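Take a look at the structure set out below.
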Amino acid sequence: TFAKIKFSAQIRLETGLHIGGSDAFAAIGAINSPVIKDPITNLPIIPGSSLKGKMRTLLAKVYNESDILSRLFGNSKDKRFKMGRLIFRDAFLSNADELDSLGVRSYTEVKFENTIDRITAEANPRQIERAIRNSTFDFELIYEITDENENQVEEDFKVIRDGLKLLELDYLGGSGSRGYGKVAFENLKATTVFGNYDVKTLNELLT
Amino acid sequence: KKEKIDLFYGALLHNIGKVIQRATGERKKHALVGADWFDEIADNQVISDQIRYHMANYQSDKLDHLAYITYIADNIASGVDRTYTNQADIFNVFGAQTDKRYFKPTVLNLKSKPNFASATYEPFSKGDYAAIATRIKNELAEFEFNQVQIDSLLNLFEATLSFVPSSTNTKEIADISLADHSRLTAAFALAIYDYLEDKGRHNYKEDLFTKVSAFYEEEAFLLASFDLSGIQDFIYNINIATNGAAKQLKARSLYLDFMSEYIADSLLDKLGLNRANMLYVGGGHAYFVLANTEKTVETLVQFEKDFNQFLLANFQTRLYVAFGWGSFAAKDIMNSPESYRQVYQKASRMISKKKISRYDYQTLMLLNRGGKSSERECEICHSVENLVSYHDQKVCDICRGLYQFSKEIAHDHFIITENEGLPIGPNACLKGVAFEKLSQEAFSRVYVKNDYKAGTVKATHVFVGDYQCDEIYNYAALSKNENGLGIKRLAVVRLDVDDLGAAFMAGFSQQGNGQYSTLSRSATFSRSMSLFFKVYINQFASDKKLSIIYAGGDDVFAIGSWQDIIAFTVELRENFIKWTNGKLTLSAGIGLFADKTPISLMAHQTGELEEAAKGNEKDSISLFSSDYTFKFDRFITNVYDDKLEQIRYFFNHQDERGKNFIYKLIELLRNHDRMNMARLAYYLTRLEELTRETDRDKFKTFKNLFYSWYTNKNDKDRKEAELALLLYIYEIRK
Amino acid sequence: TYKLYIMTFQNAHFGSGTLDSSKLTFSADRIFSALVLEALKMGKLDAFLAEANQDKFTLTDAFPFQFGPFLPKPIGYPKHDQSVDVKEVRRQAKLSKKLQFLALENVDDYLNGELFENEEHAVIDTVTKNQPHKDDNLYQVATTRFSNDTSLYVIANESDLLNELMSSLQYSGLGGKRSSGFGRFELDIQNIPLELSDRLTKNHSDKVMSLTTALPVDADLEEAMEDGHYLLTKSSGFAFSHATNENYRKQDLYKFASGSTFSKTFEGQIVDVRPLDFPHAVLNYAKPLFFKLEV
Ligand SMILES: Nc1ncnc2c1ncn2[C@@H]1O[C@H](COP(=O)(O)OP(=O)(O)NP(=O)(O)O)[C@@H](O)[C@H]1O
Ligand SMILES: Nc1ncnc2c1ncn2[C@@H]1O[C@H](COP(=O)(O)OP(=O)(O)NP(=O)(O)O)[C@@H](O)[C@H]1O
Ligand SMILES: [Mg+2]
Ligand SMILES: [Mg+2]
Ligand SMILES: [Zn+2]
């Protein structure tokens, strides 16, 4: 049989995000490290590769000798495990219409910061563009229940879900050893789209 | 052949009495001064009797003879039907009307400063010829009249006769130089020889002298061209994480220029021709003058198929050369407006038709024939055949030859062998060679790069603009001063002369009434632009810490230290607008980059600034970012010389105000609502009464000068100040 | 020939032979390889290839969709017929090169000569990415970021054996890095205007315009080039497979691009570009749906 169940969630930023992009130009007063944005709407995005790589680098810390990361994220080698069953997606800032109701001028703050020499004791300033707190972003994560993997779907659900508690407990972004992380998932529901699969045995394991 | 030689030289060494007689002021006619001088150096009656009778006005019917071809080609190669004025500037008859400018007659050198025209050279310069003419009489004193040195005499003229007029006793034709008038005469005369020797005619006086309007309106020439397609994609095929930094880009944009040189060369000896018949060669484009006959057109088609088989053998539809030829009578001569460009465009239409319908049946069935179990590929160009492991990366035959050519790029001499280095044609490969290795190697044709001396190898003289002050990675570290002041960045500039094709085809059509729109004006214009962008850019990049990765056509792509990039481009344009009398705007994009950044990530962001400065209006420099986009006349005068020197002059003759004040001015300049005008008026008035009474009129004459342009309400005075303060902060960075 | 399948991407990566580069539209042998790699997961490949080797169905590569279907620039058109004012007609050919897509409301105003300032949909951006703490880890992905109203619309025969595959490509993605977020869309099957399906021929011996990357059968490939004005597009790449444990290339097919105008319509073929000694075929769809120009 064949199905594609997705994990809808609102992500929530309990501190900021700095997912960096391309370094364009210093421009003396301007921002040194700008956050990645959506070039049509000029709005802060989470690229899905950042979600995907950070979830993989947490789950790979949990599961070492692997065989289960390879089927859930892919592997260039090992012919069984190419395009491994999970298709992540960018995160599009659902509450653009709500944060301005909370009273704000932009969706990205500019955090000023510096670096102090140990001997000379002279500062070195910075402007880091973070996304603001409690921006809520869209999220879905297609898991494909294809024909072969039917006996092992639920042991690939205790790994997708266990990789989300880790993103709640690790930072999910850049420069996150200094704050800038703490991203909590909410309304983590698993619906089915294009398939005949019953998800009333999973949505209680999620919440 | 055997008597195409003497017709060539006699249609090239004629009007050489216009050097000796024009120098010593002798009363003998120029059709006899050099004609009798010619017997001093060598004994060849065949060329001499053409020089004795090339005018065909001293002796009408005295000399079958080949000076009829020489006289009709001398009429055609001029701008009309052809006494104390020098050579006019090319841009006197160009576009709108300005002052009449004139060249000082000089020779050329790689170290010579340029030869900028001026209106103060109206009288005739005679004493400057004794250095020129004796420079003729040395290397011509021992010379051989054959194919061995059929190309070395052309540089001997174009080094020395490039700023020498032709027939000063005239009214209109002045800016056609003698090294171009003789060149185009020798270019036409061989084509007339082919058109006449194919059609069986032998006696010339009844078709070339008394039947002037018979040949004058007989469609008897071809303007060929070609267009090496896919140059830009092949060159900027470099990406992030590439083994070669810019040697794989210098040596790649140089290699296609030798390929464009060699298509032009080897096309002319499949015919019977030589370098005179080529009007121009540049970035894959090269316009010719050939004969309108069937044995030439079939040679064109067969050579086009040969070179496209070569490009398919090892470039796989990334490069495609497309010929195209327009048949024309003597119609590049002042039905005057709609005759010249209307046949120059006839070849471009055939190119655009052949660029769009590339191959045929067999050569595309052989393409997608299948039959290849490839595991790996060349990670540069994604080709498959002939994979090696050059520095443990899987690369191909061409992209290992390019590293070998990058090790050989610094030489002056580049020879064509059959089995060594990069292939540039059918059984023809390129190799870079030292001078004293020519006896070790075994070649067929030799190119020498950036040389006006004739040398020993008797070579073909190419002129590729290049310069390297240091390696690329030092260009950030050399961005400091001797005191260490200066930000440690390196800049990249990309230039382009705006609307050059429009300034070449139409070009001269505004002055007169379509009477200056000849082939000679466009040929001298091509020599002017080629001379500038292939000779004088190395003069402009002399002291500076940069590297010209490409120069030619109308592009200058150059990496280097950012002080010596901004100074380079200000100097380049302030010499180019003297060179073109203020016609032909050029429009650059400079971008700053930190050290240790990849070169495609660098060059693409420079090229986006270049195209963001193409569309300002047309003529703009785009400093470092999409917003700092200034017209050059609004940049070099206002920003770089007026405001930046006023800011530097204020901020070095004091000690109280520092970089915190400059930073707070940059913020008030960048945000700038109407409220920051009041906040700036408060800030500068606070600091006026905080400075000491020694330096208070010094500060008052600075704040009444900064607040004045801040509140100017024209928007072309506040944006300039922000770029000036960015440059002053970048100058004094620790 | 039948109903056309608007697909709103909002994020994509479309090839161009590298990973630093990206097309605007996605070249219908890609959508055919997507349908085959989707029907392989379903176990529906046999009936799909049986459907896919018939005269019944077509495919057609993507085109932008702003409130109406768009067409390629007819390559070689307009032929000349106004040779004045060099200063601006030389400047316009730098801009009229980068148009490449026309609306149906004016595609016959193009063959008569019109300037057609290029609208701006889908800025093709680029971003540098990494793999932390590793050796060489700076690749650069060229995003194709659609302008919130533009979709892509393959044109096909509406069959449920294919509509299930197209409804599953909503969620499997369609593009370069599908697993990292790109290419995933929302499908919307709509009907065809009467000035488009009137012109979608396949057998009309007339001045015609190809609407997919096609490759003629060799009896028709002779004089497909005697009047055709085309590109070649070099459909190469590695053959995707779950039976290698390796990486082999396809057989490097050259196909006439979309917008290639012709006279005397031809017949395309499914060109097996399988590697040598390789278990399953690699199909590389080239059979064209056409477009009548002056009919
Ligand atoms: N050898 C070279 N090295 C560097 N830049 C070059 C070289 N040759 C040409 N160029 C540049 O490329 C420009 C022309 O680009 P290009 O678009 O390839 O013209 P083209 O020859 O007609 N190819 P195409 O656009 O496909 O028809 C010239 O104006 C130069 O600025
Ligand atoms: N001396 C020359 N004589 C004739 N053509 C030349 C000469 N130098 C370069 N060219 C060609 O002129 C063309 C101008 O190219 P390009 O600069 O892209 O167009 P343009 O006229 O400058 N319009 P723009 O790019 O907006 O400035 C190129 O094909 C060059 O190869
Ligand atoms: Mg230009
Ligand atoms: Mg240019
Ligand atoms: Zn290569």
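The way I read the labels, and the way they are meant: chains A, B, ... in the order of the structure tokens, residue 1 as the first residue of every chain, and ligand 1 as the first ligand shown, with later ones counted on from there.
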For this session: Find the residues near ligand 4. Use a cut-off of 6 Å, count only C-alpha atoms and all ligand atoms, and write them as a PyMOL selection string.
Result: chain B and resi 496+554-555
Restrict the selected residues to N, CA, C and O atoms and save them as a PDB file, in the first residue's frame.
```pdb
ATOM      1  N   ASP B 496      32.341  48.102 -19.165  1.00  0.00           N
ATOM      2  CA  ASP B 496      31.793  47.914 -20.503  1.00  0.00           C
ATOM      3  C   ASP B 496      31.535  49.291 -21.082  1.00  0.00           C
ATOM      4  O   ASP B 496      30.892  50.116 -20.431  1.00  0.00           O
ATOM      5  N   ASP B 554      35.323  45.643 -25.523  1.00  0.00           N
ATOM      6  CA  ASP B 554      35.054  46.768 -24.639  1.00  0.00           C
ATOM      7  C   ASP B 554      34.919  46.345 -23.179  1.00  0.00           C
ATOM      8  O   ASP B 554      34.343  47.089 -22.385  1.00  0.00           O
ATOM      9  N   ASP B 555      35.451  45.192 -22.797  1.00  0.00           N
ATOM     10  CA  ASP B 555      35.399  44.744 -21.416  1.00  0.00           C
ATOM     11  C   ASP B 555      36.749  44.912 -20.743  1.00  0.00           C
ATOM     12  O   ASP B 555      37.797  44.697 -21.359  1.00  0.00           O
TER      13      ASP B 555
END
```
For this session: Find the residues around range 247-260 of chain C up to 7 Å (only C-alpha atoms counted), leave out those fewer than 4 positions away in its own chain, and share them as a ChimeraX atom specification.
Result: /B:368,370,372,374-375 /C:72-75,209-215,228-239,273-275
For this session: Could the residues that lie within 6 Å of ligand 3, counting only C-alpha atoms and all ligand atoms, be listed as a PyMOL selection string?
Result: chain B and resi 496-500
Pull N, CA and C atoms from the residues just selected and write them as an mmCIF file, in the first residue's frame.
```cif
data_model
loop_
_atom_site.group_PDB
_atom_site.id
_atom_site.type_symbol
_atom_site.label_atom_id
_atom_site.label_comp_id
_atom_site.auth_asym_id
_atom_site.auth_seq_id
_atom_site.Cartn_x
_atom_site.Cartn_y
_atom_site.Cartn_z
ATOM 1 N N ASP B 496 32.341 48.102 -19.165
ATOM 2 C CA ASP B 496 31.793 47.914 -20.503
ATOM 3 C C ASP B 496 31.535 49.291 -21.082
ATOM 4 N N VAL B 497 32.029 49.536 -22.294
ATOM 5 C CA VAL B 497 31.658 50.739 -23.026
ATOM 6 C C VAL B 497 30.190 50.637 -23.398
ATOM 7 N N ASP B 498 29.414 51.630 -22.992
ATOM 8 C CA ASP B 498 27.984 51.586 -23.218
ATOM 9 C C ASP B 498 27.684 51.821 -24.686
ATOM 10 N N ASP B 499 26.889 50.916 -25.264
ATOM 11 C CA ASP B 499 26.283 51.070 -26.588
ATOM 12 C C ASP B 499 27.346 51.174 -27.680
ATOM 13 N N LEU B 500 28.296 50.239 -27.651
ATOM 14 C CA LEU B 500 29.412 50.297 -28.585
ATOM 15 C C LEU B 500 28.991 49.876 -29.986
#
```
For this session: For chain B, list the residues within 8 Å of chain A, counting only C-alpha atoms, and write the list as a list in words.
Result: residues 592, 593, 624, 625, 663, 666, 667 and 726 of chain B
Could those residues be written to a file, using N, CA, C and O atoms, as an mmCIF file, in the first residue's frame?
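Generated file (selection-v5.cif):
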```cif
data_model
loop_
_atom_site.group_PDB
_atom_site.id
_atom_site.type_symbol
_atom_site.label_atom_id
_atom_site.label_comp_id
_atom_site.auth_asym_id
_atom_site.auth_seq_id
_atom_site.Cartn_x
_atom_site.Cartn_y
_atom_site.Cartn_z
ATOM 1 N N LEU B 592 33.504 45.504 -3.358
ATOM 2 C CA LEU B 592 34.417 45.113 -2.290
ATOM 3 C C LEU B 592 34.143 43.721 -1.762
ATOM 4 O O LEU B 592 32.990 43.325 -1.571
ATOM 5 N N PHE B 593 35.219 42.995 -1.484
ATOM 6 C CA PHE B 593 35.142 41.642 -0.978
ATOM 7 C C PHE B 593 36.235 41.471 0.056
ATOM 8 O O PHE B 593 37.308 42.065 -0.065
ATOM 9 N N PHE B 624 30.064 49.163 -4.939
ATOM 10 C CA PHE B 624 30.107 48.203 -3.845
ATOM 11 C C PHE B 624 28.736 47.628 -3.534
ATOM 12 O O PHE B 624 28.663 46.642 -2.809
ATOM 13 N N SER B 625 27.653 48.162 -4.089
ATOM 14 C CA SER B 625 26.307 47.851 -3.626
ATOM 15 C C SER B 625 25.316 48.386 -4.643
ATOM 16 O O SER B 625 25.664 49.174 -5.522
ATOM 17 N N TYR B 663 30.859 58.024 12.051
ATOM 18 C CA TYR B 663 29.841 56.984 12.117
ATOM 19 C C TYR B 663 28.462 57.566 12.394
ATOM 20 O O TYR B 663 27.475 57.160 11.765
ATOM 21 N N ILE B 666 27.277 59.031 9.171
ATOM 22 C CA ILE B 666 26.838 57.998 8.234
ATOM 23 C C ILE B 666 25.447 57.490 8.584
ATOM 24 O O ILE B 666 24.623 57.248 7.693
ATOM 25 N N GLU B 667 25.141 57.372 9.878
ATOM 26 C CA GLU B 667 23.788 56.982 10.272
ATOM 27 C C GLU B 667 22.753 58.042 9.899
ATOM 28 O O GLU B 667 21.694 57.716 9.350
ATOM 29 N N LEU B 726 31.965 56.626 3.559
ATOM 30 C CA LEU B 726 32.362 55.220 3.538
ATOM 31 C C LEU B 726 33.796 55.065 3.069
ATOM 32 O O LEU B 726 34.560 54.286 3.647
#
```
Exercise. Excluding same-chain residues fewer than 2 positions from residue 191 in chain A, what lies within 7 Å of it counting only C-alpha atoms, as a VMD selection string?
Worked result: chain A and resid 5 to 7 189 193 199
For this session: Can you pull out every residue within 7 Å of residue 194 in chain A, counting only C-alpha atoms, but drop anything in the same chain fewer than 6 positions away, and send it as number ranges by chain?
Result: A: 3-4; C: 168
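Within 8 Å of chain C, and using only C-alpha atoms, the residues found on chain B are residues 239, 240, 241, 353, 356, 357, 358, 359, 360, 361, 364, 367, 368, 370, 371, 372, 373, 374, 375, 376, 499, 501, 502, 503, 505 and 506 of chain B.
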Could you save the residues just selected, with C-alpha atoms, as a PDB file, in the first residue's frame?
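Just written: part_9.pdb:
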```pdb
ATOM      1  CA  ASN B 239      32.022  28.180  -9.638  1.00  0.00           C
ATOM      2  CA  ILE B 240      32.459  28.010  -5.870  1.00  0.00           C
ATOM      3  CA  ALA B 241      34.975  25.331  -4.773  1.00  0.00           C
ATOM      4  CA  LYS B 353      20.134  32.517 -38.945  1.00  0.00           C
ATOM      5  CA  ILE B 356      19.720  29.465 -34.466  1.00  0.00           C
ATOM      6  CA  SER B 357      19.671  26.318 -36.677  1.00  0.00           C
ATOM      7  CA  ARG B 358      23.039  24.875 -35.633  1.00  0.00           C
ATOM      8  CA  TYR B 359      23.683  21.397 -37.002  1.00  0.00           C
ATOM      9  CA  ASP B 360      22.481  18.956 -39.634  1.00  0.00           C
ATOM     10  CA  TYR B 361      21.305  15.343 -39.820  1.00  0.00           C
ATOM     11  CA  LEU B 364      23.299  15.372 -34.622  1.00  0.00           C
ATOM     12  CA  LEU B 367      25.703  13.246 -31.117  1.00  0.00           C
ATOM     13  CA  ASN B 368      22.934  11.309 -29.395  1.00  0.00           C
ATOM     14  CA  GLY B 370      24.417   6.604 -26.934  1.00  0.00           C
ATOM     15  CA  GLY B 371      26.969   3.942 -26.156  1.00  0.00           C
ATOM     16  CA  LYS B 372      28.813   5.136 -23.058  1.00  0.00           C
ATOM     17  CA  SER B 373      29.024   3.518 -19.616  1.00  0.00           C
ATOM     18  CA  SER B 374      30.452   6.514 -17.819  1.00  0.00           C
ATOM     19  CA  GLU B 375      30.953   6.365 -14.064  1.00  0.00           C
ATOM     20  CA  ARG B 376      32.747   9.717 -13.627  1.00  0.00           C
ATOM     21  CA  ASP B 499      26.283  51.070 -26.588  1.00  0.00           C
ATOM     22  CA  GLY B 501      27.600  48.491 -31.398  1.00  0.00           C
ATOM     23  CA  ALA B 502      25.334  51.495 -31.745  1.00  0.00           C
ATOM     24  CA  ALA B 503      28.419  53.728 -31.715  1.00  0.00           C
ATOM     25  CA  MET B 505      27.223  50.905 -36.920  1.00  0.00           C
ATOM     26  CA  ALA B 506      25.460  54.274 -36.820  1.00  0.00           C
TER      27      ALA B 506
END
```
Exercise. Hey, what does DSSP flag as strand (DSSP E) within range 329-545 of chain B? Can you give it to me as a PyMOL selection string?
Worked result: chain B and resi 413-417+422-425+428-433+445-449+460-462+467-468+490-494
Find the residues of chain B that sit at most 9 Å from ligand 2; for each, write down the nearest two atoms and how far apart they are in Å, to one decimal. Count only C-alpha atoms and all ligand atoms. Sort by chain, then by number going up, and give it as a Markdown table.
```
| residue | atom | partner | partner_atom_place_in_ligand_line | distance |
| --- | --- | --- | --- | --- |
| B:227 | CA | ligand 2 | 29 (O) | 8.6 |
| B:279 | CA | ligand 2 | 3 (N) | 8.8 |
| B:280 | CA | ligand 2 | 3 (N) | 6.5 |
| B:281 | CA | ligand 2 | 2 (C) | 7.9 |
| B:282 | CA | ligand 2 | 31 (O) | 5.6 |
| B:283 | CA | ligand 2 | 31 (O) | 4.9 |
| B:284 | CA | ligand 2 | 31 (O) | 6.8 |
| B:285 | CA | ligand 2 | 31 (O) | 5.5 |
| B:286 | CA | ligand 2 | 31 (O) | 8.3 |
| B:287 | CA | ligand 2 | 4 (C) | 8.5 |
| B:496 | CA | ligand 2 | 17 (O) | 5.9 |
| B:497 | CA | ligand 2 | 22 (O) | 5.4 |
| B:498 | CA | ligand 2 | 27 (O) | 3.4 |
| B:499 | CA | ligand 2 | 21 (O) | 3.4 |
| B:500 | CA | ligand 2 | 21 (O) | 3.7 |
| B:501 | CA | ligand 2 | 21 (O) | 3.8 |
| B:502 | CA | ligand 2 | 21 (O) | 5.5 |
| B:503 | CA | ligand 2 | 21 (O) | 7.2 |
| B:504 | CA | ligand 2 | 4 (C) | 5.9 |
| B:505 | CA | ligand 2 | 4 (C) | 8.2 |
| B:522 | CA | ligand 2 | 3 (N) | 7.3 |
| B:523 | CA | ligand 2 | 3 (N) | 7.6 |
| B:524 | CA | ligand 2 | 1 (N) | 8.7 |
| B:525 | CA | ligand 2 | 1 (N) | 6.3 |
| B:526 | CA | ligand 2 | 1 (N) | 3.4 |
| B:527 | CA | ligand 2 | 1 (N) | 6.3 |
| B:528 | CA | ligand 2 | 1 (N) | 7.0 |
| B:529 | CA | ligand 2 | 1 (N) | 4.7 |
| B:530 | CA | ligand 2 | 1 (N) | 5.2 |
| B:531 | CA | ligand 2 | 1 (N) | 8.6 |
| B:533 | CA | ligand 2 | 8 (N) | 8.7 |
| B:552 | CA | ligand 2 | 8 (N) | 7.2 |
| B:553 | CA | ligand 2 | 8 (N) | 3.7 |
| B:554 | CA | ligand 2 | 9 (C) | 5.2 |
| B:555 | CA | ligand 2 | 17 (O) | 7.5 |
| B:585 | CA | ligand 2 | 27 (O) | 8.8 |
| B:586 | CA | ligand 2 | 27 (O) | 7.8 |
| B:587 | CA | ligand 2 | 27 (O) | 8.2 |
| B:611 | CA | ligand 2 | 26 (O) | 8.5 |
| B:614 | CA | ligand 2 | 26 (O) | 6.5 |
| B:615 | CA | ligand 2 | 26 (O) | 8.6 |
| B:618 | CA | ligand 2 | 26 (O) | 7.8 |
```
Problem set entry | CA of residue 127 in chain C to CA of residue 141 in chain C, distance in Å rounded to a single decimal | 5.6 Å
Exercise. Which residues, written as an MDAnalysis selection string, have at least one atom at most 10 Å from range 122-137 of chain A, with only C-alpha atoms counted and residues fewer than 2 positions away on the same chain left out?
Worked result: chainID A and resid 9:20 29:37 43:46 90:96 98:99 104 106:120 139 174 180:186
Can you pull out every residue with an atom within 6 Å of ligand 5? Use only C-alpha atoms and all ligand atoms and format it as a CSV table (one decimal) with C-alpha atoms, in the first residue's frame.
```
chain,number,residue,atom,x,y,z
B,378,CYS,CA,35.0,16.3,-15.4
B,380,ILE,CA,34.5,21.5,-14.0
B,381,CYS,CA,32.6,21.3,-17.3
B,383,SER,CA,32.2,16.4,-19.9
B,395,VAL,CA,39.2,16.5,-15.0
B,396,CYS,CA,39.1,16.3,-18.8
B,398,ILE,CA,40.7,20.6,-22.2
B,399,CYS,CA,40.6,21.4,-18.5
```
For this session: Find the residues near ligand 1. Use a cut-off of 10 Å, count only C-alpha atoms and all ligand atoms, and write them as number ranges by chain.
Result: B: 226-236, 249-260, 282-285, 318-322, 351-352, 355-356, 464, 494-497, 500-501, 549-557; C: 94, 97
Exercise. Can you tell me how far CA of residue 91 in chain B sits from CA of residue 567 in chain B, in Å to one decimal?
Worked result: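 Distance reported for this atom pair: 25.9 Å.
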Give me, as a tab-separated table (two decimals) with N, CA and C atoms, in the first residue's frame, the residues of chain C touching chain A, with the criterion being at most 9 Å (counting only C-alpha atoms).
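Dumped everything to iface09.tsv:
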```tsv
chain	number	residue	atom	x	y	z
C	11	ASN	N	8.60	27.59	-4.48
C	11	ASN	CA	9.99	27.25	-4.20
C	11	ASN	C	10.44	26.08	-5.07
C	41	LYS	N	7.06	3.69	-7.01
C	41	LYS	CA	6.75	3.54	-5.60
C	41	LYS	C	5.38	2.93	-5.39
C	42	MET	N	4.43	3.21	-6.27
C	42	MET	CA	3.08	2.68	-6.15
C	42	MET	C	2.95	1.27	-6.69
C	43	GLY	N	3.94	0.78	-7.43
C	43	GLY	CA	3.74	-0.44	-8.18
C	43	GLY	C	2.79	-0.26	-9.33
C	122	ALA	N	9.22	35.24	-10.61
C	122	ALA	CA	10.15	34.19	-10.20
C	122	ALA	C	11.61	34.60	-10.36
C	123	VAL	N	12.05	35.47	-9.46
C	123	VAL	CA	13.48	35.75	-9.32
C	123	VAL	C	14.25	34.47	-8.99
C	125	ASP	N	17.11	33.09	-7.40
C	125	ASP	CA	18.02	33.59	-6.38
C	125	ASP	C	19.18	32.60	-6.26
C	126	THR	N	20.04	32.79	-5.26
C	126	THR	CA	21.06	31.81	-4.91
C	126	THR	C	21.42	31.98	-3.44
C	127	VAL	N	21.75	30.87	-2.79
C	127	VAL	CA	22.14	30.86	-1.39
C	127	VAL	C	23.29	29.89	-1.20
C	128	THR	N	24.28	30.32	-0.42
C	128	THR	CA	25.34	29.41	-0.02
C	128	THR	C	24.90	28.60	1.19
C	129	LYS	N	25.26	27.33	1.18
C	129	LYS	CA	24.86	26.37	2.19
C	129	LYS	C	26.12	25.71	2.71
C	131	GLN	N	27.91	22.14	5.21
C	131	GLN	CA	27.83	20.96	6.06
C	131	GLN	C	28.84	21.21	7.17
C	145	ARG	N	12.34	31.12	-7.02
C	145	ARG	CA	11.39	31.59	-6.02
C	145	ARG	C	10.26	32.33	-6.73
C	146	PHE	N	9.14	31.63	-6.93
C	146	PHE	CA	8.04	32.15	-7.74
C	146	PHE	C	7.31	33.29	-7.04
C	147	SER	N	6.71	34.16	-7.85
C	147	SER	CA	6.24	35.46	-7.37
C	147	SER	C	4.79	35.43	-6.90
C	148	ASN	N	4.44	34.45	-6.07
C	148	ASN	CA	3.17	34.33	-5.34
C	148	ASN	C	1.91	34.23	-6.19
C	164	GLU	N	-3.68	10.37	-10.26
C	164	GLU	CA	-3.18	9.95	-8.96
C	164	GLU	C	-1.70	10.28	-8.80
C	167	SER	N	-1.39	13.98	-8.31
C	167	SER	CA	-1.82	14.37	-6.97
C	167	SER	C	-0.82	13.96	-5.90
C	168	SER	N	-0.05	12.90	-6.15
C	168	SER	CA	1.04	12.53	-5.26
C	168	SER	C	2.30	13.34	-5.47
C	171	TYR	N	3.02	16.17	-3.07
C	171	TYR	CA	3.66	15.97	-1.80
C	171	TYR	C	5.02	15.31	-1.90
C	172	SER	N	5.37	14.73	-3.04
C	172	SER	CA	6.71	14.21	-3.19
C	172	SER	C	7.71	15.24	-3.70
C	173	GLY	N	7.24	16.34	-4.27
C	173	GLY	CA	8.12	17.35	-4.79
C	173	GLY	C	8.43	17.14	-6.26
C	178	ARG	N	14.52	17.99	-3.64
C	178	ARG	CA	13.16	17.81	-3.18
C	178	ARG	C	13.11	17.51	-1.70
C	179	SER	N	14.12	16.80	-1.19
C	179	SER	CA	14.10	16.40	0.20
C	179	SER	C	14.38	17.55	1.14
C	180	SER	N	15.05	18.60	0.67
C	180	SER	CA	15.40	19.73	1.51
C	180	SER	C	14.42	20.88	1.38
C	181	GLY	N	13.34	20.71	0.63
C	181	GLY	CA	12.29	21.70	0.67
C	181	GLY	C	11.85	22.26	-0.66
C	182	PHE	N	12.59	21.96	-1.70
C	182	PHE	CA	12.35	22.60	-2.98
C	182	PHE	C	11.38	21.78	-3.82
C	184	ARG	N	8.22	21.31	-4.07
C	184	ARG	CA	6.93	20.85	-3.61
C	184	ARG	C	5.86	21.90	-3.87
C	241	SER	N	18.25	5.75	-9.53
C	241	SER	CA	17.96	4.33	-9.43
C	241	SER	C	18.13	3.84	-8.01
C	242	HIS	N	17.36	2.81	-7.68
C	242	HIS	CA	17.50	2.09	-6.42
C	242	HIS	C	18.10	0.71	-6.64
C	243	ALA	N	18.90	0.54	-7.69
C	243	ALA	CA	19.49	-0.75	-7.99
C	243	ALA	C	20.93	-0.62	-8.48
C	244	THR	N	21.67	0.37	-7.98
C	244	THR	CA	23.05	0.57	-8.40
C	244	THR	C	24.05	0.36	-7.28
C	245	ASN	N	23.88	1.09	-6.16
C	245	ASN	CA	24.92	1.40	-5.16
C	245	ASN	C	26.09	2.15	-5.81
C	246	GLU	N	25.81	2.85	-6.90
C	246	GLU	CA	26.79	3.58	-7.70
C	246	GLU	C	26.08	4.79	-8.29
C	247	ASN	N	26.73	5.43	-9.26
C	247	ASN	CA	26.18	6.63	-9.89
C	247	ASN	C	26.64	6.63	-11.35
```
For this session: Figure out the distance between CA of residue 166 in chain C and CA of residue 64 in chain C, please, to one decimal in Å.
Result: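 CA of residue 166 in chain C lies at a distance of 18.1 Å from CA of residue 64 in chain C.
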For this session: Within 9 Å of residue 600 in chain B, counting only C-alpha atoms, which residues show up once you throw out same-chain ones fewer than 2 positions away? Write them as a list in words, please.
Result: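 Surrounding residues, per the criterion: residues 236, 237, 238, 239, 240, 242, 245, 597, 598, 602, 603, 604 and 605 of chain B.
Remark: for residue 54 in chain C, the closest of the candidate residues C:203, C:157, C:37, C:217 is C:157 (distances computed over only C-alpha atoms).
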